[PDB]
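Asks: Pasting structure_6.cif here (mmCIF, C-alpha atoms):
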```cif
data_model
loop_
_atom_site.label_atom_id
_atom_site.label_comp_id
_atom_site.auth_asym_id
_atom_site.auth_seq_id
_atom_site.Cartn_x
_atom_site.Cartn_y
_atom_site.Cartn_z
CA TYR G 22 34.30 2.17 18.53
CA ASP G 23 37.74 1.42 16.99
CA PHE G 24 38.90 5.01 16.30
CA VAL G 25 37.76 8.65 15.95
CA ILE G 26 38.44 11.22 13.20
CA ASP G 27 37.17 14.76 13.85
CA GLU G 28 33.60 14.40 15.20
CA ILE G 29 32.95 10.84 13.94
CA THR G 30 33.67 7.36 15.27
CA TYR G 31 34.51 4.33 13.11
CA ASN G 32 34.59 0.59 13.33
CA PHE G 33 36.64 -1.70 11.08
CA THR G 34 34.51 -3.87 8.77
CA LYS G 35 35.34 -7.25 7.23
CA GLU G 36 36.06 -6.00 3.69
CA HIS G 37 39.75 -5.16 3.23
CA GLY G 38 40.50 -1.50 3.77
CA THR G 39 36.99 -0.48 4.88
CA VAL G 40 35.26 1.09 7.86
CA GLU G 41 31.71 1.76 9.00
CA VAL G 42 30.57 4.94 10.72
CA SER G 43 29.71 3.85 14.24
CA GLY G 44 28.61 7.11 15.84
CA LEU G 45 29.60 10.58 16.92
CA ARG G 46 32.15 11.77 19.41
CA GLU G 47 30.40 12.07 22.78
CA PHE G 48 31.23 14.21 25.80
CA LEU G 49 30.63 12.39 29.12
CA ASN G 50 29.89 15.71 30.81
CA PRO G 61 22.79 23.63 14.09
CA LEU G 62 24.93 20.57 14.22
CA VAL G 63 26.14 19.21 10.91
CA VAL G 64 27.74 15.76 10.62
CA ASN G 65 29.97 15.67 7.58
CA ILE G 66 30.94 12.07 6.84
CA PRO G 67 34.09 11.78 4.68
CA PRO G 68 34.55 9.08 1.99
CA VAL G 69 38.05 8.16 3.23
CA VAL G 70 39.84 8.36 6.54
CA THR G 71 43.47 7.64 7.42
CA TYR G 72 44.39 5.87 10.63
CA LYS G 73 47.93 4.81 11.55
CA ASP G 74 49.27 5.31 8.00
CA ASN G 75 46.56 3.40 6.17
CA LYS G 76 43.58 4.67 4.28
CA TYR G 77 40.13 3.23 4.87
CA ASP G 78 37.11 3.67 2.63
CA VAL G 79 33.93 4.68 4.46
CA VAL G 80 31.44 2.23 2.94
CA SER G 81 28.62 1.87 5.45
CA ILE G 82 26.79 3.40 8.39
CA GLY G 83 26.53 0.96 11.24
CA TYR G 84 23.59 -0.45 13.11
CA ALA G 85 22.10 2.22 15.39
CA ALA G 86 25.06 4.49 14.64
CA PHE G 87 23.22 7.78 15.29
CA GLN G 88 20.36 6.34 17.40
CA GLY G 89 19.15 8.96 19.90
CA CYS G 90 21.35 11.77 18.55
CA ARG G 91 18.69 14.39 19.21
CA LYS G 92 20.90 17.41 18.53
CA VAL G 93 22.02 16.57 14.96
CA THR G 94 20.37 18.78 12.30
CA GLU G 95 22.10 17.65 9.09
CA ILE G 96 24.04 14.54 8.01
CA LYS G 97 26.05 14.55 4.80
CA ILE G 98 26.66 11.04 3.49
CA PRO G 99 29.35 10.47 0.85
CA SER G 100 28.74 8.42 -2.32
CA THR G 101 30.94 5.66 -1.01
CA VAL G 102 28.36 4.61 1.57
CA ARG G 103 26.48 1.65 0.10
CA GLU G 104 24.74 0.27 3.18
CA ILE G 105 22.94 1.93 6.11
CA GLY G 106 22.20 -0.20 9.20
CA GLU G 107 18.88 -0.71 10.92
CA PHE G 108 18.03 2.00 13.46
CA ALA G 109 20.81 4.20 12.05
CA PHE G 110 19.05 7.56 12.63
CA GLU G 111 16.32 6.36 15.03
CA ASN G 112 15.11 9.21 17.24
CA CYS G 113 17.24 11.87 15.59
CA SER G 114 14.45 14.29 16.40
CA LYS G 115 16.15 17.44 15.17
CA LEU G 116 17.44 15.91 11.91
CA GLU G 117 16.21 18.11 9.00
CA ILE G 118 18.68 17.49 6.14
CA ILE G 119 20.01 14.04 4.95
CA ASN G 120 20.89 12.44 1.64
CA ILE G 121 20.84 8.75 0.74
CA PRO G 122 23.55 7.73 -1.75
CA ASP G 123 22.61 6.11 -5.04
CA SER G 124 24.25 2.79 -4.12
CA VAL G 125 21.99 2.18 -1.07
CA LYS G 126 19.56 -0.66 -1.93
CA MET G 127 17.66 -1.04 1.35
CA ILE G 128 16.36 1.19 4.10
CA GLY G 129 16.21 -1.07 7.11
CA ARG G 130 13.97 -1.40 10.14
CA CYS G 131 13.39 1.86 12.06
CA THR G 132 16.20 3.72 10.22
CA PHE G 133 14.38 7.06 10.39
CA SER G 134 11.79 6.17 13.00
CA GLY G 135 11.23 9.18 15.25
CA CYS G 136 12.80 11.78 12.94
CA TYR G 137 10.02 14.23 13.65
CA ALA G 138 11.84 17.23 12.15
CA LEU G 139 12.77 15.52 8.84
CA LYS G 140 10.68 17.32 6.20
CA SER G 141 11.94 15.68 2.98
CA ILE G 142 13.89 12.79 1.56
CA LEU G 143 14.83 11.59 -1.88
CA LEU G 144 15.14 7.83 -2.22
CA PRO G 145 17.75 6.24 -4.52
CA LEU G 146 16.26 5.28 -7.86
CA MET G 147 17.67 1.75 -7.58
CA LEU G 148 16.18 1.15 -4.06
CA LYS G 149 14.71 -2.32 -3.56
CA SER G 150 13.19 -2.41 -0.06
CA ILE G 151 11.94 -0.31 2.81
CA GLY G 152 11.81 -1.94 6.23
CA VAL G 153 9.38 -2.10 9.12
CA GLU G 154 8.75 1.33 10.63
CA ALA G 155 11.50 2.78 8.41
CA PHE G 156 10.04 6.30 8.26
CA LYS G 157 7.65 6.17 11.22
CA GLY G 158 7.00 9.72 12.44
CA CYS G 159 8.94 11.53 9.74
CA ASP G 160 7.57 14.97 8.83
CA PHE G 161 7.57 14.56 5.00
CA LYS G 162 4.92 16.33 2.96
CA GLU G 163 5.56 14.06 -0.01
CA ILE G 164 7.44 10.94 -0.89
CA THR G 165 8.00 9.09 -4.16
CA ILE G 166 8.82 5.39 -3.90
CA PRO G 167 11.07 4.15 -6.74
CA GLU G 168 9.48 1.68 -9.20
CA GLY G 169 11.81 -1.12 -8.21
CA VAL G 170 10.91 -1.20 -4.54
CA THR G 171 9.37 -4.66 -4.03
CA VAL G 172 8.72 -4.56 -0.26
CA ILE G 173 7.56 -1.86 2.11
CA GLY G 174 7.33 -3.09 5.67
CA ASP G 175 4.65 -2.75 8.30
CA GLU G 176 4.05 0.78 9.57
CA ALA G 177 6.81 2.22 7.33
CA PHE G 178 4.99 5.58 7.09
CA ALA G 179 2.88 5.36 10.26
CA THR G 180 2.35 8.68 12.10
CA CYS G 181 3.72 10.72 9.19
CA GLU G 182 1.42 13.56 10.20
CA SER G 183 2.37 16.01 7.43
CA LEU G 184 2.23 13.48 4.54
CA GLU G 185 -0.04 14.70 1.74
CA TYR G 186 1.32 12.90 -1.30
CA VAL G 187 2.71 9.38 -1.74
CA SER G 188 3.58 7.57 -4.97
CA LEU G 189 3.71 3.80 -4.36
CA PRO G 190 5.40 1.44 -6.84
CA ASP G 191 2.83 0.57 -9.45
CA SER G 192 3.76 -3.11 -9.39
CA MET G 193 3.04 -3.51 -5.68
CA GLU G 194 0.28 -6.03 -4.88
CA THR G 195 0.06 -5.98 -1.07
CA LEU G 196 0.04 -3.02 1.35
CA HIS G 197 1.43 -4.11 4.70
CA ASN G 198 -0.14 -3.74 8.10
CA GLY G 199 -0.44 -0.16 9.35
CA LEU G 200 1.56 1.26 6.43
CA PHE G 201 -0.05 4.70 6.61
CA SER G 202 -1.66 4.43 10.08
CA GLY G 203 -2.06 7.88 11.55
CA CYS G 204 -1.29 9.92 8.42
CA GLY G 205 -3.90 12.52 9.29
CA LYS G 206 -3.12 14.96 6.45
CA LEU G 207 -3.29 12.39 3.63
CA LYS G 208 -6.40 13.35 1.58
CA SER G 209 -5.83 11.12 -1.42
CA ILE G 210 -3.84 8.15 -2.62
CA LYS G 211 -3.46 6.46 -5.99
CA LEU G 212 -3.33 2.75 -5.37
CA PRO G 213 -1.04 0.49 -7.43
CA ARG G 214 -3.00 -0.47 -10.55
CA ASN G 215 -2.90 -4.23 -9.84
CA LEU G 216 -3.15 -4.06 -6.02
CA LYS G 217 -4.62 -7.27 -4.53
CA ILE G 218 -4.57 -6.85 -0.74
CA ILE G 219 -4.72 -4.04 1.84
CA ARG G 220 -3.70 -5.46 5.21
CA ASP G 221 -4.92 -4.61 8.70
CA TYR G 222 -4.83 -0.98 9.90
CA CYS G 223 -3.30 0.22 6.62
CA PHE G 224 -5.10 3.59 6.56
CA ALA G 225 -6.39 3.65 10.16
CA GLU G 226 -6.64 7.20 11.51
CA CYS G 227 -6.06 8.78 8.09
CA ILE G 228 -8.85 11.13 9.15
CA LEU G 229 -8.72 13.31 6.00
CA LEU G 230 -8.47 10.45 3.49
CA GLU G 231 -11.32 10.95 1.00
CA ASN G 232 -10.06 10.05 -2.50
CA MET G 233 -9.10 6.44 -3.14
CA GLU G 234 -10.39 4.39 -6.04
CA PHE G 235 -10.27 0.62 -5.77
CA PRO G 236 -8.54 -1.20 -8.61
CA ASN G 237 -10.53 -4.06 -10.14
CA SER G 238 -7.83 -6.43 -8.87
CA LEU G 239 -8.28 -5.47 -5.19
CA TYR G 240 -10.16 -8.22 -3.39
CA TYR G 241 -9.28 -7.90 0.30
CA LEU G 242 -9.43 -5.22 3.00
CA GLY G 243 -8.05 -6.17 6.40
CA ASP G 244 -9.20 -5.45 9.90
CA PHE G 245 -9.58 -1.71 10.65
CA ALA G 246 -8.03 -0.93 7.22
CA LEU G 247 -10.11 2.17 6.63
CA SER G 248 -11.02 2.93 10.25
CA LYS G 249 -11.26 6.59 11.23
CA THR G 250 -10.85 7.75 7.67
CA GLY G 251 -12.55 10.63 5.87
CA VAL G 252 -14.53 8.60 3.32
CA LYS G 253 -18.03 9.93 2.53
CA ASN G 254 -19.75 7.39 0.25
CA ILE G 255 -18.51 3.84 -0.05
CA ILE G 256 -19.45 1.31 -2.69
CA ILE G 257 -17.91 -2.09 -2.27
CA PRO G 258 -17.75 -3.47 -5.81
CA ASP G 259 -18.38 -7.06 -6.76
CA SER G 260 -14.60 -7.55 -7.18
CA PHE G 261 -14.14 -7.73 -3.39
CA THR G 262 -14.19 -11.23 -1.96
CA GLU G 263 -13.36 -10.54 1.69
CA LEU G 264 -13.63 -7.69 4.17
CA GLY G 265 -12.10 -8.16 7.62
CA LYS G 266 -13.47 -6.92 10.94
CA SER G 267 -14.12 -3.30 11.81
CA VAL G 268 -12.93 -2.09 8.41
CA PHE G 269 -14.69 1.24 8.66
CA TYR G 270 -14.76 1.50 12.46
CA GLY G 271 -15.61 4.93 13.74
CA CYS G 272 -15.63 6.77 10.39
CA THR G 273 -17.47 9.98 11.25
CA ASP G 274 -17.84 11.47 7.76
CA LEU G 275 -19.23 8.32 6.13
CA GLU G 276 -22.77 9.05 4.96
CA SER G 277 -23.71 6.10 2.79
CA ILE G 278 -22.62 2.53 2.10
CA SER G 279 -23.49 0.00 -0.53
CA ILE G 280 -22.43 -3.61 -0.23
CA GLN G 281 -24.66 -5.49 -2.57
CA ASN G 282 -22.76 -8.60 -3.39
CA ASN G 283 -24.53 -11.70 -2.14
CA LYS G 284 -21.31 -13.78 -1.77
CA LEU G 285 -18.93 -11.28 -0.08
CA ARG G 286 -17.28 -12.56 3.15
CA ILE G 287 -17.44 -9.88 5.88
CA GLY G 288 -16.23 -9.71 9.47
CA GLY G 289 -18.05 -8.15 12.39
CA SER G 290 -18.35 -4.53 13.45
CA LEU G 291 -17.77 -3.10 9.97
CA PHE G 292 -19.52 0.23 10.57
CA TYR G 293 -19.39 0.27 14.35
CA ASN G 294 -19.68 3.85 15.62
CA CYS G 295 -20.19 5.32 12.12
CA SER G 296 -22.28 8.09 13.67
CA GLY G 297 -22.75 10.02 10.42
CA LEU G 298 -23.98 7.06 8.36
CA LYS G 299 -27.44 7.89 6.95
CA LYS G 300 -28.12 5.28 4.23
CA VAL G 301 -27.35 1.64 3.69
CA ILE G 302 -27.85 -0.77 0.84
CA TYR G 303 -26.82 -4.27 1.92
CA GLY G 304 -27.07 -7.65 0.15
CA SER G 305 -24.70 -10.11 1.74
CA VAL G 306 -26.43 -13.19 3.13
CA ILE G 307 -25.52 -12.46 6.77
CA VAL G 308 -25.43 -9.04 8.46
CA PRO G 309 -22.62 -9.92 10.93
CA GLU G 310 -22.55 -9.06 14.60
CA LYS G 311 -22.42 -5.38 15.45
CA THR G 312 -22.29 -4.25 11.80
CA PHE G 313 -24.16 -1.01 12.36
CA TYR G 314 -23.68 -0.69 16.12
CA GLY G 315 -24.05 2.91 17.25
CA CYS G 316 -25.01 4.26 13.83
CA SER G 317 -27.14 6.90 15.49
CA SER G 318 -27.86 8.88 12.28
CA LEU G 319 -28.91 5.83 10.21
CA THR G 320 -32.37 6.47 8.74
CA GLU G 321 -32.58 4.36 5.55
CA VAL G 322 -31.72 0.68 5.36
CA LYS G 323 -32.29 -1.36 2.23
CA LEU G 324 -31.77 -5.07 2.83
CA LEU G 325 -31.79 -6.99 -0.44
CA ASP G 326 -33.72 -10.27 -0.85
CA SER G 327 -30.41 -12.09 -0.55
CA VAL G 328 -30.17 -11.12 3.20
CA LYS G 329 -31.22 -13.97 5.47
CA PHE G 330 -29.64 -13.39 8.90
CA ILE G 331 -29.43 -10.30 11.09
CA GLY G 332 -26.55 -10.74 13.50
CA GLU G 333 -26.26 -10.09 17.19
CA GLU G 334 -26.34 -6.35 18.04
CA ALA G 335 -26.33 -5.49 14.30
CA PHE G 336 -28.49 -2.41 14.67
CA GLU G 337 -28.09 -1.81 18.41
CA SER G 338 -28.15 1.89 19.32
CA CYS G 339 -29.39 3.02 15.86
CA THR G 340 -31.50 5.65 17.57
CA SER G 341 -32.77 7.47 14.45
CA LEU G 342 -34.03 4.43 12.52
CA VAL G 343 -37.84 4.56 12.20
CA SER G 344 -38.60 1.89 9.57
CA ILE G 345 -36.97 -1.24 8.29
CA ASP G 346 -38.35 -3.68 5.73
CA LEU G 347 -37.04 -7.16 6.50
CA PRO G 348 -36.88 -9.07 3.26
CA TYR G 349 -38.97 -12.06 2.54
CA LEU G 350 -36.51 -14.88 3.33
CA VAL G 351 -35.04 -13.58 6.64
CA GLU G 352 -34.63 -16.54 8.99
CA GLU G 353 -33.10 -15.15 12.21
CA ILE G 354 -32.85 -11.90 14.13
CA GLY G 355 -30.04 -12.01 16.67
CA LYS G 356 -29.69 -11.18 20.33
CA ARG G 357 -30.04 -7.41 20.92
CA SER G 358 -30.19 -6.84 17.14
CA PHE G 359 -32.40 -3.75 17.47
CA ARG G 360 -31.73 -3.00 21.13
CA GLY G 361 -32.03 0.67 21.92
CA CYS G 362 -33.55 1.64 18.56
CA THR G 363 -35.60 4.35 20.27
CA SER G 364 -37.26 5.61 17.09
CA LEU G 365 -38.13 2.23 15.54
CA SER G 366 -41.86 2.13 14.73
CA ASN G 367 -42.29 0.10 11.53
CA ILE G 368 -40.86 -3.39 11.17
CA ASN G 369 -42.30 -6.48 9.56
CA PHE G 370 -41.75 -10.10 10.52
CA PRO G 371 -41.69 -12.35 7.52
CA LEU G 372 -43.10 -15.88 7.85
CA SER G 373 -39.62 -17.30 7.03
CA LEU G 374 -38.53 -16.04 10.47
CA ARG G 375 -37.60 -18.87 12.79
CA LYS G 376 -35.83 -17.18 15.70
CA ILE G 377 -35.65 -13.85 17.51
CA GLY G 378 -32.73 -13.44 19.91
CA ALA G 379 -32.80 -12.30 23.51
CA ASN G 380 -33.77 -8.69 23.98
CA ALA G 381 -33.77 -8.05 20.23
CA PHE G 382 -36.21 -5.16 20.73
CA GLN G 383 -35.33 -4.11 24.24
CA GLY G 384 -35.52 -0.33 24.51
CA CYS G 385 -37.68 -0.05 21.36
CA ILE G 386 -40.08 2.23 23.16
CA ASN G 387 -41.76 3.53 19.98
CA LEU G 388 -42.44 0.11 18.63
CA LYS G 389 -46.18 0.17 19.42
CA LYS G 390 -47.70 -2.46 17.13
CA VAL G 391 -46.33 -5.52 15.44
CA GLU G 392 -47.80 -8.54 13.70
CA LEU G 393 -46.28 -12.00 14.47
CA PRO G 394 -47.36 -15.59 14.01
CA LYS G 395 -48.64 -17.27 17.14
CA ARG G 396 -45.76 -19.72 16.41
CA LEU G 397 -43.33 -17.01 17.57
CA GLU G 398 -45.29 -15.78 20.57
CA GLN G 399 -42.58 -16.90 23.06
CA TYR G 400 -40.47 -14.04 21.70
CA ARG G 401 -42.93 -11.45 22.95
CA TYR G 402 -40.70 -11.01 26.01
CA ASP G 403 -37.95 -9.66 23.74
CA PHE G 404 -39.97 -6.51 23.09
CA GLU G 405 -40.87 -3.65 25.40
CA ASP G 406 -43.91 -4.43 27.53
CA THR G 407 -45.72 -1.52 25.81
CA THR G 408 -45.63 -3.26 22.37
CA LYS G 409 -49.03 -4.58 21.29
CA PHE G 410 -49.20 -7.75 19.20
CA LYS G 411 -51.51 -9.02 16.51
CA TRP G 412 -51.17 -12.79 16.45
CA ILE G 413 -51.46 -14.69 13.17
CA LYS G 414 -53.01 -18.12 13.42
#
```
Turn the structure described in the file into structure tokens.

Replies:
Amino acid sequence: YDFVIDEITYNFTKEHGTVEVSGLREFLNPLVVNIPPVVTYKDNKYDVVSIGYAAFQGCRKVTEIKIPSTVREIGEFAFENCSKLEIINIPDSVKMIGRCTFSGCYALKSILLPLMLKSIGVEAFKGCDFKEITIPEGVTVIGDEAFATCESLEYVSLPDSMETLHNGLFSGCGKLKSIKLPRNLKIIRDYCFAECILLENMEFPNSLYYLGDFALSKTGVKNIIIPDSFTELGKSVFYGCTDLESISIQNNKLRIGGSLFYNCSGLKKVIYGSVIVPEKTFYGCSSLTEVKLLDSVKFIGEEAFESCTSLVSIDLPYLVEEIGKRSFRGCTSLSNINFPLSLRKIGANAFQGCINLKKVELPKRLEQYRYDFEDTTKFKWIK
């Protein structure tokens, strides 16, 4: 630092007659930091116009910081890991909250953002203990993981003009039950709501066409309908959702990654119409008991229904061409399945472990696939 006044250290900044707060007085061997708007040093007055980069980083004993109206800029990391910080104000002139500014402020239970704020950086509020936050209408960017691990957050108002939610924005917000999405939202990026285990109420705007990888993983959703307005779902979007009971994805042209409902162990009912059921879509869906595949479904991917141990019947629609490797492996309850004459290929061990699959009917043309069933399965061969 350049000089110290009371408990606070200062650095000279380029603008004539100005200083930045650079930290607190430290001894080598409830705490309120009261930042003044003006300090005098060696007969000259200096306006306190900014808080420096990492100025209070790791100051784990501070409980309150009072920031004067003259502060117009706050550096990245400024209050990072201020884990006892409970009380702080952001002056009206501050336009950006930078990277990690409040990351790790686990005791911070509220904040009011300046109405003229324009951007919120990566991880800006990661771990803060807010119950609610309102984002001013003019905020045009909110960075990755800005509210990740905000474990008390129950209410958030996003700017209504926002069109993209960044990666991991609300990852780990395990008290968030609802969110109102911006009315013209286009894209939800990867991990956005991952581990929002209580999240139940979220309506999709008509404009929303993309959900990224793991975007709704380990959420609280109960019944999902993917409307025709979606054009792409990433991988693992609903991975591990334990409260999800039904899904409907009927659109024949929707692009979908693998593992969408992997480990959705509460999923009971499926309606599915996309042309391909990708790899591992329903892996480990051990409560799944009703599966409606629309006539538009033509391929059942590798391991798609592996470990669906409650599924007794499935009607394969009349134009199915391929069943993948291990597609019904370990479906212990599976008893009733048809093999349409459009079928060209059955993958290795597709019906391994299907111990209750006692009788099937196949064309002689597919008899080489008999080894992909349990040796107890009896076959009726169609000439």

Asks: What does the structure give for the distance between CA of residue 211 in chain G and CA of residue 233 in chain G, in Å to one decimal?

Replies: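 Straight-line distance from CA of residue 211 in chain G to CA of residue 233 in chain G works out to 6.3 Å.
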
Asks: Please compute the CA of residue 380 in chain G-CA of residue 359 in chain G distance, one decimal, in Å.

Replies: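 We find that CA of residue 380 in chain G and CA of residue 359 in chain G lie 8.3 Å from each other.
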
Asks: Name every residue that the PyMOL selection byres ((chain G and resi 361) around 10) selects in this structure, writing the answer as a ChimeraX atom specification with chains first and numbers rising.

Replies: /G:315,334,336-340,357-360,362-365,380-386

Asks: For the file shown, what are the residues hit by the PyMOL selection byres ((chain G and resi 375) around 7), laid out as a list in words?

Replies: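 In the shown coordinates, the PyMOL selection byres ((chain G and resi 375) around 7) covers residues 352, 353, 373, 374 and 376 of chain G.
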
Asks: Near residue 30 in chain G, within 10 Å and counting only C-alpha atoms, which residues show up once chain neighbours fewer than 3 positions away are dropped, as a list in words?

Replies: residues 22, 23, 24, 25, 26, 27, 40, 41, 42, 43, 44, 45, 46, 47 and 86 of chain G

Asks: For the residues in that selection, give me C-alpha atoms as an mmCIF file, in the coordinates of the input.

Replies:
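Dumped to selection_11.cif:
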```
data_model
loop_
_atom_site.group_PDB
_atom_site.id
_atom_site.type_symbol
_atom_site.label_atom_id
_atom_site.label_comp_id
_atom_site.auth_asym_id
_atom_site.auth_seq_id
_atom_site.Cartn_x
_atom_site.Cartn_y
_atom_site.Cartn_z
ATOM 1 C CA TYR G 22 34.300 2.170 18.530
ATOM 2 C CA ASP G 23 37.740 1.420 16.990
ATOM 3 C CA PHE G 24 38.900 5.010 16.300
ATOM 4 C CA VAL G 25 37.760 8.650 15.950
ATOM 5 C CA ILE G 26 38.440 11.220 13.200
ATOM 6 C CA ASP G 27 37.170 14.760 13.850
ATOM 7 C CA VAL G 40 35.260 1.090 7.860
ATOM 8 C CA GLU G 41 31.710 1.760 9.000
ATOM 9 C CA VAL G 42 30.570 4.940 10.720
ATOM 10 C CA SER G 43 29.710 3.850 14.240
ATOM 11 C CA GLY G 44 28.610 7.110 15.840
ATOM 12 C CA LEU G 45 29.600 10.580 16.920
ATOM 13 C CA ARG G 46 32.150 11.770 19.410
ATOM 14 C CA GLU G 47 30.400 12.070 22.780
ATOM 15 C CA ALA G 86 25.060 4.490 14.640
#
```

Asks: Given the choices G:409, G:286, G:266, G:91, which gets closest to residue 392 in chain G if the distance is worked out from only C-alpha atoms?

Replies: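 Using only C-alpha atoms, residue 392 in chain G sits closest to G:409.
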
Asks: If I take CA of residue 191 in chain G and CA of residue 215 in chain G, how far is one from the other in Å, to one decimal?

Replies: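 One can read the CA of residue 191 in chain G to CA of residue 215 in chain G distance as 7.5 Å.
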
Asks: Could you list the residues chosen by the PyMOL selection byres ((chain G and resi 243) around 7) in this structure as a list in words?

Replies: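 So the PyMOL selection byres ((chain G and resi 243) around 7), applied here, picks out residues 219, 220, 221, 241, 242, 244, 245, 246, 264, 265 and 268 of chain G.
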
Asks: For residue 275 in chain G, work out the shell of residues within 6 Å, counting only C-alpha atoms and skipping chain neighbours fewer than 6 positions away, then give it as a ChimeraX atom specification.

Replies: /G:252-254,297-298

Asks: For the selection just defined, write its residues with C-alpha atoms to a file, as an mmCIF file, keeping the file's coordinate frame.

Replies:
```cif
data_model
loop_
_atom_site.group_PDB
_atom_site.id
_atom_site.type_symbol
_atom_site.label_atom_id
_atom_site.label_comp_id
_atom_site.auth_asym_id
_atom_site.auth_seq_id
_atom_site.Cartn_x
_atom_site.Cartn_y
_atom_site.Cartn_z
ATOM 1 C CA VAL G 252 -14.530 8.600 3.320
ATOM 2 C CA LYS G 253 -18.030 9.930 2.530
ATOM 3 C CA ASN G 254 -19.750 7.390 0.250
ATOM 4 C CA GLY G 297 -22.750 10.020 10.420
ATOM 5 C CA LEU G 298 -23.980 7.060 8.360
#
```

Asks: Give the answer as one residue: which of G:269, G:274, G:309, G:99 has the shortest atom-to-atom distance to residue 288 in chain G, using only C-alpha atoms?

Replies: G:309

Asks: Counting only C-alpha atoms, which residue out of G:218, G:397, G:144, G:230 sits closest to residue 186 in chain G?

Replies: G:230

Asks: Could you name the residues that touch residue 379 in chain G at 10 Å or less, counting all atoms listed in the file, but leaving out those on the same chain fewer than 6 positions away, as a PyMOL selection string?

Replies: chain G and resi 333+354-358+360+400+402-404

Asks: Using all atoms listed in the file and a cutoff of 7 Å, can you tell me which residues are near (-43.3, -5.6, 20.4) in the file's coordinates, and write them out as a list in words?

Replies: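 The distance filter leaves exactly residues 388, 389, 390, 391, 401, 404, 405, 408, 409 and 410 of chain G.
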
Asks: Can you work out which one of G:344, G:150, G:209, G:312 has the shortest atom-to-atom distance to residue 229 in chain G, counting all atoms listed in the file?

Replies: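 Between G:344, G:150, G:209, G:312, the residue approaching residue 229 in chain G most closely is G:209.
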
Asks: Edge lengths and centre in Å to one decimal, as JSON, is what I'm after for the box along x, y and z that holds all listed atoms of range 346-349 of chain G once 5 Å is added on each side.

Replies:
```
{"center_x": -37.9, "center_y": -7.9, "center_z": 4.5, "size_x": 12.1, "size_y": 18.4, "size_z": 14.0}
```

Asks: What's around residue 130 in chain G at 10 Å? Count all atoms listed in the file, leave out sequence neighbours fewer than 2 positions away in its own chain, and write the answer as a PyMOL selection string.

Replies: chain G and resi 106-109+111+127-128+132-134+151-157+174-175+177

Asks: Set the distance at 7 Å and use all atoms listed in the file: which residues neighbour residue 68 in chain G once local chain neighbours fewer than 3 positions away are removed? I'd like the list as a CSV table (one decimal) with C-alpha atoms, in the coordinates of the input.

Replies:
```csv
chain,number,residue,atom,x,y,z
G,78,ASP,CA,37.1,3.7,2.6
G,79,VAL,CA,33.9,4.7,4.5
G,99,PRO,CA,29.4,10.5,0.8
G,101,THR,CA,30.9,5.7,-1.0
```

Asks: So, with only C-alpha atoms as the atoms that count, which of G:216, G:159, G:351, G:69 lies closest to residue 39 in chain G?

Replies: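 Smallest separation from residue 39 in chain G among the options: G:69.
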
Asks: Counting only C-alpha atoms, which residue out of G:31, G:370, G:48, G:110 sits closest to residue 77 in chain G?

Replies: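 Between G:31, G:370, G:48, G:110, the residue approaching residue 77 in chain G most closely is G:31.
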
Asks: Fix up range 125-135 of chain G with N, CA and C atoms, then write it as a compact mmCIF listing (two decimals), in the coordinates of the input.

Replies:
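In the end it all went to selection.txt:
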```txt
# COMPACT_ATOMS: atom_id res chain seq x y z
N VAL G 125 22.74 2.82 -2.17
CA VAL G 125 21.99 2.18 -1.07
C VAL G 125 20.74 1.48 -1.64
N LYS G 126 20.62 0.17 -1.36
CA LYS G 126 19.56 -0.66 -1.93
C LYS G 126 18.41 -0.93 -0.95
N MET G 127 18.66 -0.74 0.33
CA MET G 127 17.66 -1.04 1.35
C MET G 127 17.68 0.04 2.44
N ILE G 128 16.50 0.43 2.88
CA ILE G 128 16.36 1.19 4.10
C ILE G 128 15.80 0.22 5.12
N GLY G 129 16.60 -0.09 6.12
CA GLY G 129 16.21 -1.07 7.11
C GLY G 129 15.20 -0.61 8.14
N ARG G 130 14.82 -1.59 8.96
CA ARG G 130 13.97 -1.40 10.14
C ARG G 130 14.30 -0.12 10.92
N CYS G 131 13.31 0.73 11.15
CA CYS G 131 13.39 1.86 12.06
C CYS G 131 14.53 2.85 11.73
N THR G 132 15.02 2.89 10.48
CA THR G 132 16.20 3.72 10.22
C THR G 132 15.95 5.20 10.49
N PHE G 133 14.74 5.70 10.16
CA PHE G 133 14.38 7.06 10.39
C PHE G 133 13.19 7.19 11.33
N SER G 134 12.89 6.13 12.07
CA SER G 134 11.79 6.17 13.00
C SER G 134 12.05 7.28 14.04
N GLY G 135 11.06 8.13 14.27
CA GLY G 135 11.23 9.18 15.25
C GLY G 135 11.90 10.46 14.80
```
